[PDB]
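Asker: Structure below; questions to follow.
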Amino acid sequence: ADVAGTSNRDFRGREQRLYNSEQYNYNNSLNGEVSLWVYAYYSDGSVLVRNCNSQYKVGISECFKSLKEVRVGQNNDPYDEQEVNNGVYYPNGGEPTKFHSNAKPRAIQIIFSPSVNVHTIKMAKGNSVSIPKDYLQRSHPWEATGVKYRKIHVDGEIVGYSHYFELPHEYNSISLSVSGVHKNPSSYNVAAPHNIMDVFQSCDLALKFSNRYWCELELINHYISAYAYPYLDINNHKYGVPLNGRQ
Amino acid sequence: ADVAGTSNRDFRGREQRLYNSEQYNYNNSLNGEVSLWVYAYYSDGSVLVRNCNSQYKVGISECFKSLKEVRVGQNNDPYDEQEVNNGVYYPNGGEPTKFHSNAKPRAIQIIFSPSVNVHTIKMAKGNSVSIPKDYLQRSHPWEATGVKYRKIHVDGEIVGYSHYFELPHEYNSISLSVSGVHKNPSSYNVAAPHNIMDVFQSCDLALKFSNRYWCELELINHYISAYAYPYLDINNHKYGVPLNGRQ
Amino acid sequence: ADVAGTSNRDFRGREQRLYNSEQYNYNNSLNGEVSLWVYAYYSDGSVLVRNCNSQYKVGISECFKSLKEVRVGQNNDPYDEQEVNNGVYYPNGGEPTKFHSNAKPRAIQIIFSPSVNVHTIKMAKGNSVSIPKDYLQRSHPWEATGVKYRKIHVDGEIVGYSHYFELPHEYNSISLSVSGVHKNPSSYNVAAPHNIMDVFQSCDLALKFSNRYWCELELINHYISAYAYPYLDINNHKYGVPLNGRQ
Ligand SMILES: Nc1nc2c(ncn2[C@@H]2O[C@H](COP(=O)(O)OP(=O)(O)OP(=O)(O)O)[C@@H](O)[C@H]2O)c(=O)[nH]1
Ligand SMILES: Nc1nc2c(ncn2[C@@H]2O[C@H](COP(=O)(O)OP(=O)(O)OP(=O)(O)O)[C@@H](O)[C@H]2O)c(=O)[nH]1
Ligand SMILES: Nc1nc2c(ncn2[C@@H]2O[C@H](COP(=O)(O)OP(=O)(O)OP(=O)(O)O)[C@@H](O)[C@H]2O)c(=O)[nH]1
Ligand SMILES: Nc1ncnc2c1ncn2[C@@H]1O[C@H](COP(=O)(O)OP(=O)(O)OP(=O)(O)O)[C@@H](O)[C@H]1O
Ligand SMILES: Nc1ncnc2c1ncn2[C@@H]1O[C@H](COP(=O)(O)OP(=O)(O)OP(=O)(O)O)[C@@H](O)[C@H]1O
Ligand SMILES: Nc1ncnc2c1ncn2[C@@H]1O[C@H](COP(=O)(O)OP(=O)(O)OP(=O)(O)O)[C@@H](O)[C@H]1O
Ligand SMILES: [Cl-]
Ligand SMILES: [Cl-]
Ligand SMILES: [Cl-]
Ligand SMILES: [Mg+2]
Ligand SMILES: [Mg+2]
Ligand SMILES: [Mg+2]
């Protein structure tokens, strides 16, 4: 046989490159996943991830309470934190023993898989009682924020998209929903009658994941890297696995 | 300049009236919210609200368990109340220490924003195991109850719609889902192929809110009134903010 | 009058047969329910049921954590079980006091009502972090498993469909979503524009039920049999109520 890495008959080499290319392009096919991660960062350094993986379109919807840090199996002062909720839903509306709950997110990162079309991204960053813009009567139910999404590049390939905003002020008390649609460069509407019921089933079939990791290092190591997910850390370091045309 | 309140050149006055009119009519545009509140009233006077706010259509789905009173951070006798659940799912099916759980709702109020079309309202008021009408085989999955919805009028304007039913009998053990569609007097189908994927995204983007307020006064003060929501209290008093054509 | 059971004028007899036939065929009409049960079996003999009942289509979506046994109001070692979660999401990723959590399901049974079309059934049996097939890039978001569904026959009638798989190995750590579409032998697309918004409302109106029964006997007695649901027990015994053309 020919010698490895010296000719066009390194079929092992060609097959490796095709395997990676097939995965990248399958993901971008209408058969492929579109994935969304919402990361809530807490002052103790831990990070809640909410993930959804689905065909055609994907989303996550959270309220003020559901974004708050919960240390499973540890003390979370639930009565006091309910009083925090009451005090955040209406000024002077509760009697907690604290001014600022350390369970409040300090920041949010939204990351999409590279199979999203950024022009379809929508976000409702609402107030603490789940209104998009102060009052329902004046609220568009979303903002289209795609132009703010940064490309996560690795080795010249887009491995994902990130929108990051901090919540450093005392009044940064939010509710949050996010939605994105899978790329479709064809003119075949996946939600027209020939395929519409499959998009309804995709709403059923969407897989969700949630966990609170004790720090960003642990998240990077045992979540992001373990499962070939894209990420951007606090030092602007990019994570992900480039696949198209690559060995 | 002209003197305030004496001529057609009170532009401040005209702008105020337009601001309010724009909010009312924006809410009724296809860009606007449609909102649903389900209020569960408990014997201790507290009130659970479940709220969802979304474009195009909106709904809430609850089971017997999820409607039960939960006092966050206080004693809820969870084992005993699981035995209540077992005893309510099947007669003589549990061993709780009580005949009637005070966590059971005594009444339900359903309120829609004025941007709902009442002809589209649907409700599945089911039994304790989440069947609409005793057995699945005979169950239509909803009832269309719009004709029972009362207009909440303030200053001659419809600020919302209410359907209220008490659950005063021991056998009033329910599951509950409710759905309504945003007004659309145009013939443009928001869920036809030109816009269908946006209605799917609206399912993602819908913002939800839940809280248990200690009484109806507190609910009126720090929830309803605070956020310009419609309401009807036990004394048939109407709450809401009239906007169309008004300063 | 004629004597009972001796002539074609036993109208009581004819009405009984029609009552049962009407229920069976109503269930199969587009007005009827389609229902899904996911049963998670635990080593202590208890069984979690997740049920959804809806028009047009139905589904259930669970993650690794949500399938785990929870004994309401009893000790569940929540910190230790969070460490189990960490150790199952990534090998050697936690520090629980155990090798195998007895809260892990030992098996799953999926049962559909007889009103499902088995060709529409889809399942995403994913890994512990809610990826269908190890990595998102290579994942079709479902498998179509209808050919594996067994008919639950009683008295020669199909009363439901079952797919059952055990999880007996230590590496059988899963996430799970399932979806099925209601029979529609007509060419009228229930999700084409004439009726599409009603299918969106059906997503709102779907009723859900969850409970953990202490054993299969109790499940059979107070859940399955009580509410005329189909079932298949560990001894391959079939349960359900035959209705079509029957008294
Ligand atoms: N492209 C490129 N890579 C370099 C160079 N010098 C060092 N490198 C490293 O080599 C890596 C690329 O190697 P290859 O993947 O084999 O080269 P390639 O440009 O991708 O070409 P093919 O994969 O064969 O089509 C990069 O990730 C760099 O870190 C250079 O001059 N050009
Ligand atoms: N319309 C009306 N309001 C009265 C009358 N007497 C007292 N009011 C009070 O005045 C309020 C209405 O005042 P306005 O809003 O300035 O009058 P309007 O009828 O709405 O007329 P415009 O807003 O200028 O178009 C009502 O809410 C009443 O409580 C009356 O005779 N007619
Ligand atoms: N069909 C049938 N059933 C039998 C026979 N012997 C005993 N059985 C029992 O009788 C039951 C059926 O009785 P029926 O329902 O009155 O008879 P059928 O065949 O359904 O006929 P119709 O309901 O009158 O149309 C079955 O469930 C059997 O358990 C037999 O020879 N033929
Ligand atoms: N020294 C080099 N000279 C020429 N091309 C390079 C070199 N290093 C990498 N490349 C190529 O440049 C392209 C972009 O790779 P690069 O490493 O810059 O991506 P990146 O990870 O986004 O970079 P960075 O994260 O440092 O901004 C790839 O096609 C890669 O093969
Ligand atoms: N004394 C009055 N004479 C004439 N018109 C009035 C008077 N008070 C209010 N109105 C007008 O009548 C219309 C209805 O207002 P009204 O106060 O009756 O509404 P409402 O809050 O639904 O009343 P209620 O709650 O007392 O039944 C409004 O256009 C308002 O401007
Ligand atoms: N002894 C019998 N002779 C003839 N027909 C019978 C007899 N018993 C039942 N049947 C008929 O046969 C058909 C199938 O009934 P059967 O009792 O076999 O259903 P099944 O409950 O699926 O059976 P099994 O669970 O024992 O496999 C029905 O129409 C029934 O009326
Ligand atoms: Cl494709
Ligand atoms: Cl419009
Ligand atoms: Cl029909
Ligand atoms: Mg290369
Ligand atoms: Mg006026
Ligand atoms: Mg018979």
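Ordered as shown in the structure tokens, chains take letters A, B, and onward, while each chain numbers its residues from 1 and ligands are numbered from 1 in the order shown.
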Please, which residues of chain B lie no more than 8 Å from chain C when the count uses only C-alpha atoms, and can they be set out as a ChimeraX atom specification?

Answerer: /B:57-63,77-80,82,89-90,93,122-124,129-131,134-142,175-181,189,191-192

Asker: Please, which residues have at least one atom within 7 Å of an atom of ligand 10, using only C-alpha atoms and all ligand atoms, listed as a PyMOL selection string?

Answerer: chain A and resi 245-247

Asker: Given the selection you just returned, output its residues as a file containing N, CA, C and O atoms, formatted as a PDB file, in the first residue's frame.

Answerer:
ATOM      1  N   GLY A 245     -14.195  20.118   6.955  1.00  0.00           N
ATOM      2  CA  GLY A 245     -13.017  19.991   6.117  1.00  0.00           C
ATOM      3  C   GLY A 245     -11.756  19.692   6.899  1.00  0.00           C
ATOM      4  O   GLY A 245     -10.645  19.809   6.381  1.00  0.00           O
ATOM      5  N   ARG A 246     -11.924  19.288   8.153  1.00  0.00           N
ATOM      6  CA  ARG A 246     -10.794  19.122   9.053  1.00  0.00           C
ATOM      7  C   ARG A 246     -10.655  17.689   9.529  1.00  0.00           C
ATOM      8  O   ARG A 246     -11.634  16.963   9.640  1.00  0.00           O
ATOM      9  N   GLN A 247      -9.421  17.283   9.787  1.00  0.00           N
ATOM     10  CA  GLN A 247      -9.150  15.995  10.395  1.00  0.00           C
ATOM     11  C   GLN A 247      -9.139  16.160  11.912  1.00  0.00           C
ATOM     12  O   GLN A 247      -8.912  17.261  12.427  1.00  0.00           O
TER      13      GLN A 247
END

Asker: Hey, which residues come within 9 Å of ligand 5 if we count only C-alpha atoms and all ligand atoms? Could you give them as a list in words?

Answerer: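 Answer in the requested format: residues 152, 153, 154, 155, 156, 157, 158, 237, 238 and 239 of chain B.
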
Asker: Pull C-alpha atoms from the residues just selected and write them as a PDB file, in the first residue's frame.

Answerer:
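After the write, selection34.pdb holds the following:
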ATOM      1  CA  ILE B 152     -64.308  43.801  33.435  1.00  0.00           C
ATOM      2  CA  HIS B 153     -65.381  47.386  32.681  1.00  0.00           C
ATOM      3  CA  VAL B 154     -63.674  50.489  34.043  1.00  0.00           C
ATOM      4  CA  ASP B 155     -64.840  53.939  32.902  1.00  0.00           C
ATOM      5  CA  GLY B 156     -66.770  52.235  30.083  1.00  0.00           C
ATOM      6  CA  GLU B 157     -63.729  50.397  28.695  1.00  0.00           C
ATOM      7  CA  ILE B 158     -63.201  46.633  28.687  1.00  0.00           C
ATOM      8  CA  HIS B 237     -65.099  45.459  42.431  1.00  0.00           C
ATOM      9  CA  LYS B 238     -63.383  46.027  39.073  1.00  0.00           C
ATOM     10  CA  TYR B 239     -59.708  46.979  38.675  1.00  0.00           C
TER      11      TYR B 239
END

Asker: Just fit chain C onto chain A on all the Cα atoms, in order, by least squares, and give it as a tab-separated table (two decimals) with C-alpha atoms, in the first residue's frame.

Answerer:
chain	number	residue	atom	x	y	z
C	1	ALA	CA	0.00	0.00	0.00
C	2	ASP	CA	0.95	3.67	-0.27
C	3	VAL	CA	2.68	5.30	2.70
C	4	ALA	CA	0.56	7.35	5.13
C	5	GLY	CA	0.44	11.10	4.52
C	6	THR	CA	2.24	11.09	1.17
C	7	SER	CA	-0.48	10.50	-1.44
C	8	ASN	CA	-4.12	10.78	-2.49
C	9	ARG	CA	-4.65	7.15	-1.43
C	10	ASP	CA	-4.57	7.81	2.29
C	11	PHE	CA	-8.15	6.65	2.56
C	12	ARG	CA	-7.91	6.60	6.36
C	13	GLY	CA	-7.08	10.31	6.12
C	14	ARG	CA	-9.88	11.01	3.66
C	15	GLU	CA	-12.39	9.10	5.78
C	16	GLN	CA	-11.44	11.06	8.90
C	17	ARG	CA	-11.92	14.37	7.12
C	18	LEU	CA	-15.28	13.20	5.74
C	19	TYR	CA	-16.44	11.95	9.15
C	20	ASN	CA	-15.87	15.38	10.65
C	21	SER	CA	-17.34	17.20	7.63
C	22	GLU	CA	-20.43	14.97	7.71
C	23	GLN	CA	-21.05	15.79	11.37
C	24	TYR	CA	-20.71	19.52	10.80
C	25	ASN	CA	-22.98	19.49	7.78
C	26	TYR	CA	-25.50	17.04	9.28
C	27	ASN	CA	-25.92	19.42	12.19
C	28	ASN	CA	-26.75	22.14	9.64
C	29	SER	CA	-29.20	19.94	7.71
C	30	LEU	CA	-32.91	20.16	8.51
C	31	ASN	CA	-32.49	16.74	10.13
C	32	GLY	CA	-30.02	18.24	12.58
C	33	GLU	CA	-30.16	19.75	16.04
C	34	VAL	CA	-30.30	23.39	16.95
C	35	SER	CA	-29.15	23.98	20.52
C	36	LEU	CA	-29.43	26.74	23.08
C	37	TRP	CA	-27.61	27.25	26.37
C	38	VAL	CA	-28.46	29.87	28.95
C	39	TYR	CA	-25.76	30.30	31.59
C	40	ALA	CA	-26.55	32.13	34.82
C	41	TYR	CA	-23.47	33.19	36.76
C	42	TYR	CA	-23.61	33.58	40.54
C	43	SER	CA	-21.41	35.58	42.89
C	44	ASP	CA	-20.06	32.43	44.57
C	45	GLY	CA	-18.58	31.47	41.22
C	46	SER	CA	-21.06	28.72	40.41
C	47	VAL	CA	-22.91	28.59	37.11
C	48	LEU	CA	-26.39	27.31	36.34
C	49	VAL	CA	-26.79	26.00	32.81
C	50	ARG	CA	-30.17	25.59	31.14
C	51	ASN	CA	-29.88	23.71	27.86
C	52	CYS	CA	-32.41	22.69	25.23
C	53	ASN	CA	-31.67	20.64	22.12
C	54	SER	CA	-34.29	20.29	19.40
C	55	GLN	CA	-35.00	20.02	15.70
C	56	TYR	CA	-36.21	23.03	13.65
C	57	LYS	CA	-36.28	25.56	16.50
C	58	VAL	CA	-35.32	25.79	20.16
C	59	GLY	CA	-36.00	27.91	23.21
C	60	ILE	CA	-35.78	28.38	26.94
C	61	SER	CA	-38.15	30.35	29.17
C	62	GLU	CA	-37.27	31.37	32.71
C	63	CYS	CA	-38.75	33.63	35.36
C	64	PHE	CA	-36.99	35.66	38.03
C	65	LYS	CA	-37.34	32.86	40.57
C	66	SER	CA	-36.18	30.04	38.30
C	67	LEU	CA	-32.92	31.86	37.48
C	68	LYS	CA	-31.98	32.09	41.17
C	69	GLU	CA	-29.21	29.94	42.61
C	70	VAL	CA	-30.36	26.72	44.20
C	71	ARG	CA	-27.77	24.64	46.02
C	72	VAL	CA	-29.34	21.19	45.88
C	73	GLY	CA	-29.24	19.48	49.26
C	74	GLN	CA	-27.76	22.51	51.02
C	75	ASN	CA	-29.32	25.41	52.92
C	76	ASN	CA	-31.00	27.90	50.62
C	77	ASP	CA	-32.97	29.86	53.28
C	78	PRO	CA	-36.18	29.23	51.32
C	79	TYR	CA	-38.48	31.42	53.48
C	80	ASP	CA	-36.04	34.35	53.41
C	81	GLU	CA	-35.60	33.91	49.65
C	82	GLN	CA	-39.37	33.92	49.12
C	83	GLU	CA	-39.35	37.25	50.96
C	84	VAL	CA	-36.60	38.35	48.58
C	85	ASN	CA	-38.95	37.43	45.72
C	86	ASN	CA	-41.75	39.47	47.26
C	87	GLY	CA	-39.37	42.42	47.71
C	88	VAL	CA	-38.15	42.21	44.11
C	89	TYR	CA	-41.64	41.87	42.57
C	90	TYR	CA	-42.67	45.14	44.23
C	91	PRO	CA	-40.44	47.66	46.02
C	92	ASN	CA	-40.66	47.27	49.80
C	93	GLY	CA	-42.92	44.26	49.20
C	94	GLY	CA	-41.15	41.76	51.46
C	95	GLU	CA	-39.20	41.33	54.68
C	96	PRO	CA	-36.03	39.39	53.92
C	97	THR	CA	-32.94	39.71	56.11
C	98	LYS	CA	-30.86	41.04	53.21
C	99	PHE	CA	-30.50	43.92	50.74
C	100	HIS	CA	-29.08	41.85	47.88
C	101	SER	CA	-29.67	38.14	47.45
C	102	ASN	CA	-26.50	36.35	46.42
C	103	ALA	CA	-28.79	33.90	44.61
C	104	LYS	CA	-29.44	36.59	41.97
C	105	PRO	CA	-27.53	36.04	38.70
C	106	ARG	CA	-24.60	38.44	38.18
C	107	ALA	CA	-24.61	37.78	34.45
C	108	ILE	CA	-26.21	35.80	31.65
C	109	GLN	CA	-24.55	34.17	28.66
C	110	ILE	CA	-26.68	32.92	25.80
C	111	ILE	CA	-24.97	30.52	23.44
C	112	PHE	CA	-26.37	28.95	20.29
C	113	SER	CA	-25.03	26.05	18.26
C	114	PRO	CA	-23.58	26.99	14.85
C	115	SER	CA	-26.73	25.57	13.26
C	116	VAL	CA	-28.84	28.56	14.33
C	117	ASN	CA	-29.73	31.37	11.93
C	118	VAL	CA	-28.86	34.49	13.92
C	119	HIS	CA	-31.52	36.57	12.15
C	120	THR	CA	-34.19	34.43	13.82
C	121	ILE	CA	-32.93	34.89	17.39
C	122	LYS	CA	-35.42	36.49	19.76
C	123	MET	CA	-35.14	37.39	23.41
C	124	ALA	CA	-37.60	38.60	26.01
C	125	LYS	CA	-35.49	40.02	28.81
C	126	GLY	CA	-38.34	41.06	31.06
C	127	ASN	CA	-38.78	42.51	34.54
C	128	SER	CA	-39.13	40.55	37.75
C	129	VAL	CA	-42.84	39.82	37.16
C	130	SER	CA	-42.30	38.53	33.61
C	131	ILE	CA	-43.32	41.57	31.55
C	132	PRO	CA	-41.01	42.29	28.59
C	133	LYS	CA	-41.03	46.12	28.85
C	134	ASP	CA	-42.46	47.37	32.19
C	135	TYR	CA	-46.13	47.10	31.19
C	136	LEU	CA	-47.85	44.57	28.95
C	137	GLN	CA	-49.73	47.24	27.00
C	138	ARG	CA	-46.48	48.69	25.60
C	139	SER	CA	-44.56	45.40	25.30
C	140	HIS	CA	-43.39	43.84	22.09
C	141	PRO	CA	-43.04	40.23	23.28
C	142	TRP	CA	-39.41	40.00	22.18
C	143	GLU	CA	-36.38	41.81	20.85
C	144	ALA	CA	-34.39	40.51	17.87
C	145	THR	CA	-30.82	40.62	19.16
C	146	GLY	CA	-28.89	38.63	16.56
C	147	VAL	CA	-26.69	41.59	15.58
C	148	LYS	CA	-25.21	41.51	19.10
C	149	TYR	CA	-24.20	37.85	18.91
C	150	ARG	CA	-20.49	37.27	18.69
C	151	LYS	CA	-19.09	34.42	16.63
C	152	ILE	CA	-17.15	31.90	18.66
C	153	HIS	CA	-14.30	31.08	16.25
C	154	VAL	CA	-11.88	28.19	16.65
C	155	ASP	CA	-9.30	27.49	13.93
C	156	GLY	CA	-11.25	29.82	11.63
C	157	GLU	CA	-14.56	27.95	12.02
C	158	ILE	CA	-17.70	29.29	13.69
C	159	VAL	CA	-18.40	26.76	16.43
C	160	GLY	CA	-21.20	28.79	18.02
C	161	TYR	CA	-22.69	32.20	18.79
C	162	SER	CA	-22.64	34.14	22.09
C	163	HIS	CA	-24.61	37.03	23.59
C	164	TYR	CA	-23.42	38.04	27.03
C	165	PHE	CA	-24.74	40.66	29.37
C	166	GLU	CA	-23.86	41.38	32.96
C	167	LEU	CA	-26.41	42.12	35.66
C	168	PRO	CA	-24.16	44.10	38.00
C	169	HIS	CA	-26.68	46.66	39.25
C	170	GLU	CA	-29.18	46.17	42.04
C	171	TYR	CA	-32.03	46.83	39.62
C	172	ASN	CA	-30.89	44.10	37.19
C	173	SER	CA	-33.68	41.75	38.23
C	174	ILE	CA	-34.94	39.88	35.21
C	175	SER	CA	-37.09	37.26	33.65
C	176	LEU	CA	-35.74	35.68	30.47
C	177	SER	CA	-36.83	33.78	27.42
C	178	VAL	CA	-34.77	33.06	24.32
C	179	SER	CA	-35.59	31.43	21.00
C	180	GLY	CA	-33.73	30.58	17.81
C	181	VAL	CA	-34.57	28.80	14.57
C	182	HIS	CA	-32.44	26.19	12.85
C	183	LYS	CA	-30.78	27.33	9.62
C	184	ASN	CA	-32.87	26.74	6.55
C	185	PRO	CA	-31.31	28.12	3.37
C	186	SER	CA	-33.81	26.16	1.28
C	187	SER	CA	-37.19	27.61	0.35
C	188	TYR	CA	-38.88	24.50	1.79
C	189	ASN	CA	-40.81	25.69	4.83
C	190	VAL	CA	-40.38	23.06	7.54
C	191	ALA	CA	-43.58	24.32	9.18
C	192	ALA	CA	-45.76	24.41	6.06
C	193	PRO	CA	-48.40	21.66	5.90
C	194	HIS	CA	-46.16	18.95	4.36
C	195	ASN	CA	-44.06	18.86	7.55
C	196	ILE	CA	-45.89	21.01	10.13
C	197	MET	CA	-46.94	18.20	12.48
C	198	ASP	CA	-43.26	17.17	12.76
C	199	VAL	CA	-42.42	20.63	14.06
C	200	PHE	CA	-45.19	20.17	16.64
C	201	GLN	CA	-43.64	16.83	17.60
C	202	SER	CA	-40.25	18.57	17.87
C	203	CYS	CA	-41.77	20.66	20.67
C	204	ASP	CA	-42.53	17.36	22.47
C	205	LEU	CA	-39.18	15.80	21.62
C	206	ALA	CA	-36.91	18.67	22.64
C	207	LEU	CA	-34.49	17.46	25.29
C	208	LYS	CA	-33.72	19.71	28.24
C	209	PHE	CA	-30.83	19.70	30.70
C	210	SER	CA	-30.15	21.71	33.83
C	211	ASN	CA	-27.31	21.67	36.34
C	212	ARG	CA	-25.42	24.04	38.61
C	213	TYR	CA	-21.63	23.62	38.31
C	214	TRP	CA	-19.50	24.88	41.16
C	215	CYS	CA	-17.31	26.99	38.87
C	216	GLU	CA	-16.50	27.93	35.29
C	217	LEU	CA	-13.46	25.61	35.26
C	218	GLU	CA	-15.69	22.65	36.16
C	219	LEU	CA	-18.26	23.69	33.54
C	220	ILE	CA	-15.54	23.96	30.90
C	221	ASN	CA	-14.06	20.60	31.84
C	222	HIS	CA	-17.03	18.31	32.52
C	223	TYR	CA	-19.76	19.87	30.41
C	224	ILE	CA	-18.51	22.04	27.52
C	225	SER	CA	-15.40	20.08	26.61
C	226	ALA	CA	-16.83	16.68	27.47
C	227	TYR	CA	-19.69	17.09	24.99
C	228	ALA	CA	-18.07	19.22	22.24
C	229	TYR	CA	-20.14	22.28	23.04
C	230	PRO	CA	-19.10	25.84	22.21
C	231	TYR	CA	-18.17	28.24	25.01
C	232	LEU	CA	-16.63	31.62	25.80
C	233	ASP	CA	-15.11	32.11	29.25
C	234	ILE	CA	-14.62	35.24	31.31
C	235	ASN	CA	-11.16	35.79	29.81
C	236	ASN	CA	-12.63	35.77	26.29
C	237	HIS	CA	-11.14	32.35	25.59
C	238	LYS	CA	-13.01	30.37	22.92
C	239	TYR	CA	-13.90	26.67	23.22
C	240	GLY	CA	-15.32	24.29	20.63
C	241	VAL	CA	-14.33	21.66	18.08
C	242	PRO	CA	-13.79	22.70	14.46
C	243	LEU	CA	-15.05	20.04	12.06
C	244	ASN	CA	-15.70	21.19	8.52
C	245	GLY	CA	-13.02	19.99	6.12
C	246	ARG	CA	-10.79	19.12	9.05
C	247	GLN	CA	-9.15	15.99	10.40

Asker: Run DSSP on the backbone and tell me which residues of region 1-245 of chain B come out as alpha helix (DSSP H); list them as an MDAnalysis selection string.

Answerer: chainID B and resid 11:28 78:89 196:205 216:219

Asker: Write down as a ChimeraX atom specification the residues belonging to region 35-197 of chain A that are assigned strand (DSSP E) by DSSP computed on the backbone.

Answerer: /A:35-41,47-55,57-62,107-112,116-126,150-154,157-166,175-182
